[PDB]
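Undergrad: Sharing structure31.pdb (PDB, C-alpha atoms) below.
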```
ATOM      1  CA  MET A   1       0.000   0.000   0.000
ATOM      2  CA  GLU A   2       2.971   2.278  -0.679
ATOM      3  CA  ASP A   3       0.946   3.821  -3.492
ATOM      4  CA  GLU A   4      -1.150   5.425  -0.770
ATOM      5  CA  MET A   5       1.976   7.236   0.428
ATOM      6  CA  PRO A   6       2.319  10.204  -1.983
ATOM      7  CA  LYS A   7       5.216  12.644  -1.931
ATOM      8  CA  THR A   8       3.262  15.103  -4.052
ATOM      9  CA  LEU A   9       1.337  17.797  -2.202
ATOM     10  CA  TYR A  10      -1.768  19.232  -3.829
ATOM     11  CA  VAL A  11      -1.953  22.830  -2.684
ATOM     12  CA  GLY A  12      -4.934  24.760  -3.975
ATOM     13  CA  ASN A  13      -6.465  28.176  -3.238
ATOM     14  CA  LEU A  14      -3.485  29.968  -4.797
ATOM     15  CA  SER A  15      -3.303  33.479  -6.216
ATOM     16  CA  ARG A  16      -1.346  35.101  -9.053
ATOM     17  CA  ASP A  17       0.351  37.393  -6.520
ATOM     18  CA  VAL A  18       1.558  34.405  -4.514
ATOM     19  CA  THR A  19       5.022  34.010  -5.973
ATOM     20  CA  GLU A  20       6.416  30.538  -6.616
ATOM     21  CA  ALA A  21       9.661  31.647  -4.985
ATOM     22  CA  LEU A  22       7.892  32.143  -1.657
ATOM     23  CA  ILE A  23       5.903  28.907  -1.819
ATOM     24  CA  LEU A  24       9.047  26.931  -2.632
ATOM     25  CA  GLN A  25      10.953  28.522   0.248
ATOM     26  CA  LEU A  26       8.211  27.525   2.689
ATOM     27  CA  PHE A  27       8.422  23.880   1.648
ATOM     28  CA  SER A  28      12.238  23.890   1.530
ATOM     29  CA  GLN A  29      11.988  24.918   5.183
ATOM     30  CA  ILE A  30      10.369  21.545   5.842
ATOM     31  CA  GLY A  31      12.003  19.080   3.465
ATOM     32  CA  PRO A  32      14.127  18.676   0.316
ATOM     33  CA  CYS A  33      11.838  19.630  -2.561
ATOM     34  CA  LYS A  34      12.187  17.518  -5.702
ATOM     35  CA  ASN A  35       9.738  19.159  -8.086
ATOM     36  CA  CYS A  36       7.363  22.108  -8.112
ATOM     37  CA  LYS A  37       4.689  23.119 -10.608
ATOM     38  CA  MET A  38       2.490  26.126  -9.999
ATOM     39  CA  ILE A  39      -0.427  25.619 -12.356
ATOM     40  CA  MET A  40      -0.947  29.039 -13.900
ATOM     41  CA  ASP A  41      -4.554  28.763 -14.984
ATOM     42  CA  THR A  42      -5.699  30.519 -18.069
ATOM     43  CA  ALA A  43      -9.476  30.071 -17.878
ATOM     44  CA  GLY A  44     -10.363  31.540 -14.495
ATOM     45  CA  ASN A  45     -10.277  28.547 -12.180
ATOM     46  CA  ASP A  46      -8.844  27.966  -8.711
ATOM     47  CA  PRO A  47      -5.025  27.994  -9.049
ATOM     48  CA  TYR A  48      -3.114  25.134  -7.452
ATOM     49  CA  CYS A  49       0.472  23.942  -7.151
ATOM     50  CA  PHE A  50       2.135  20.535  -7.262
ATOM     51  CA  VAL A  51       5.048  20.319  -4.858
ATOM     52  CA  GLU A  52       6.984  17.062  -4.621
ATOM     53  CA  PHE A  53       9.416  16.191  -1.837
ATOM     54  CA  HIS A  54      12.334  13.763  -1.779
ATOM     55  CA  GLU A  55      11.093  12.618   1.573
ATOM     56  CA  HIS A  56       7.536  11.518   2.355
ATOM     57  CA  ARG A  57       8.160  11.665   6.114
ATOM     58  CA  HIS A  58       9.109  15.327   5.704
ATOM     59  CA  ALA A  59       6.186  16.033   3.377
ATOM     60  CA  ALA A  60       3.827  15.066   6.204
ATOM     61  CA  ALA A  61       5.165  17.963   8.265
ATOM     62  CA  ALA A  62       4.762  20.360   5.352
ATOM     63  CA  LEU A  63       1.115  19.355   5.043
ATOM     64  CA  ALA A  64       0.058  20.503   8.514
ATOM     65  CA  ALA A  65       2.417  23.484   8.485
ATOM     66  CA  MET A  66       1.078  24.895   5.216
ATOM     67  CA  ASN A  67      -2.504  23.596   5.067
ATOM     68  CA  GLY A  68      -4.912  26.361   5.992
ATOM     69  CA  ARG A  69      -2.079  28.863   5.980
ATOM     70  CA  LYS A  70      -2.986  32.409   5.046
ATOM     71  CA  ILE A  71      -0.670  33.752   2.367
ATOM     72  CA  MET A  72      -0.933  37.238   0.826
ATOM     73  CA  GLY A  73      -4.714  37.374   0.996
ATOM     74  CA  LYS A  74      -5.905  33.791   0.634
ATOM     75  CA  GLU A  75      -6.174  30.648   2.731
ATOM     76  CA  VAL A  76      -4.260  27.839   1.030
ATOM     77  CA  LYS A  77      -5.079  24.132   1.188
ATOM     78  CA  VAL A  78      -2.475  21.378   1.185
ATOM     79  CA  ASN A  79      -3.895  17.994   0.256
ATOM     80  CA  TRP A  80      -2.309  14.641  -0.526
ATOM     81  CA  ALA A  81      -1.858  14.200  -4.263
ATOM     82  CA  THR A  82      -1.277  10.492  -4.797
ATOM     83  CA  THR A  83       1.904   9.840  -6.707
ATOM     84  CA  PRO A  84       1.544   6.930  -9.175
ATOM     85  CA  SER A  85       4.751   5.014  -9.821
ATOM     86  CA  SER A  86       3.011   3.579 -12.858
ATOM     87  CA  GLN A  87      -0.441   2.848 -14.332
ATOM     88  CA  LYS A  88      -2.388   6.023 -15.037
ATOM     89  CA  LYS A  89      -5.967   5.431 -16.137
ATOM     90  CA  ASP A  90      -6.765   9.126 -16.101
ATOM     91  CA  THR A  91      -6.720  10.414 -19.664
ATOM     92  CA  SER A  92      -4.927  13.606 -18.658
TER      93      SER A  92
END
```
Take the structure in this file and express it as structure tokens.

TA:
Amino acid sequence: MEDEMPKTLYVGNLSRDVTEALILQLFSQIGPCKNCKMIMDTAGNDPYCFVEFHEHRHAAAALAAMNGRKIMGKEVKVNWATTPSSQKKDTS
């Protein structure tokens, strides 16, 4: 059941004035970040960011430390984004 242990954090409730440099720094304060994608939405949706850690045990600390955190002028939400090692049935 290691598949249920994702190292990717699904942070939503972002804003265009919330710089990626700041977000990254916050997570680097918790654990070694591996990858980071701030989904700059074009259509007018809720912006979210995919932050991956090298260390799942560290990612757990980042969750509680950043989830519900007020940044700039919004309350962010850090959820567990399951990281598939293989087999994606989702078309996107």

Undergrad: Could you tell me how far CA of residue 80 in chain A lies from CA of residue 63 in chain A, in Å and to one decimal?

TA: 8.1 Å

Undergrad: Quick check on the file I pasted: which residues fall under the PyMOL selection byres ((chain A and resi 49-61) around 12)? Write them as number ranges by chain.

TA: A: 2-16, 18-20, 23-41, 46-48, 62-67, 76-83

Undergrad: Please report the interatomic distance between CA of residue 21 in chain A and CA of residue 42 in chain A in Å with one decimal.

TA: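 Interatomic distance here is 20.2 Å.
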
Undergrad: Can you tell me how far CA of residue 72 in chain A sits from CA of residue 22 in chain A, in Å to one decimal?

TA: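 Distance reported for this atom pair: 10.5 Å.
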